[PDB]
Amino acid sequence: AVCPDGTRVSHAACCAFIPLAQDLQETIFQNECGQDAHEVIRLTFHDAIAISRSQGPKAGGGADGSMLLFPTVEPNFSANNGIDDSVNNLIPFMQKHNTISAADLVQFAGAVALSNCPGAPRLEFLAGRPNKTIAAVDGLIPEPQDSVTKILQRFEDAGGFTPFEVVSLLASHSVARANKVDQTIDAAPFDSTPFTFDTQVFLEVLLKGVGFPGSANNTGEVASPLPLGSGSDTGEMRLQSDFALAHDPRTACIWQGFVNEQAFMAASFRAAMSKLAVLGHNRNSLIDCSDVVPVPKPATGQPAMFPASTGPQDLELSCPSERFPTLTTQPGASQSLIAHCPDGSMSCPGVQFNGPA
């Protein structure tokens, strides 16, 4: 088909997504893997995971836009704390680009946000999800204080995800920060490169913890290897769940398998996201509009490195059957501060709209 902007697309129905992508970039992302992007990416996951095979259809409809359609329900469950901001940012687009369902909008926005992150894969995008659904029940969202067994059961019950796929999805923590875990500090990154979709997160969770970026008594948080912060440049935070998955006999080797394996990580994540994006739907009934997803930003091609002040002696290995790669260490006597802004600055407020959530 040929869209009103001359763009040759696969199916005419995919044409509407073109103006939506540009609106999202101009209005809330500004072509950066920043704050707003990170929040949207998380919403994609929270919207999709709320579904249960065992409990049945009444428990939730998966990737159905329920977060946008019922803003006063799910966003208020304790496990969804902090999600309100992204819901309020997306609602205006739902109202404007009114030929696109809330469900499609959520998934597409995630694909767009991710494309702004260097190293990220170009996600598959299928459209056609219905604009009507029900509010999901509480308890379907995995929490940081959960055990590995519990986390794996949840993902299995949601859509038959295997342990490999679960760890694959956690690649998103390479461009993630925390605002609600510790209320005294904001934007605590999960790895030293929160604006780069690389394998640093997998390496840094394997290092020995030496302190906490804020308070020491927070549910779901464990000691961090890079706690030092100053001003807006908050220190690194480590979640119990990530730490646990990196050391459990069932997931230890899978976790290590991604260290310094950029292409393998990206491809595995794309595969897992392919499944997650259609939870609650039959993929044979959705149209393929992958060609309308923006081309992602390229990485530099550099391998993973031990951040300054850390080295091989700080590793807490758990996979007995695979050799840990030889990596270099970035020079320096002490820890470098992790920048709060992608342009290196320490001041960069993202656009935020007021809304019902």
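The first residue of the sequence shown is number 1, and the count goes up from there.
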Which wins on mean Cα temperature factor, 131-139 or 179-187? 179-187
Stretch with higher mean Cα temperature factor, 63-71 vs 322-330, is 322-330
Between 149, 241, 107, 232, which carries the biggest CA temperature factor in the record? 232
Residue 123 - which third its CA temperature factor falls in, relative to the rest of the chain: lowest
Chain-wide C-alpha B factor ranking for residue 261, given as lowest, middle or highest third: middle
Entry-reported Cα temperature factor of residue 116, expressed as the chain third it lands in: middle
Relative C-alpha B-factor of residue 228, binned into the chain's lowest, middle or highest third: highest
Among the chain's modelled residues, which third holds the C-alpha B-factor of residue 48? lowest
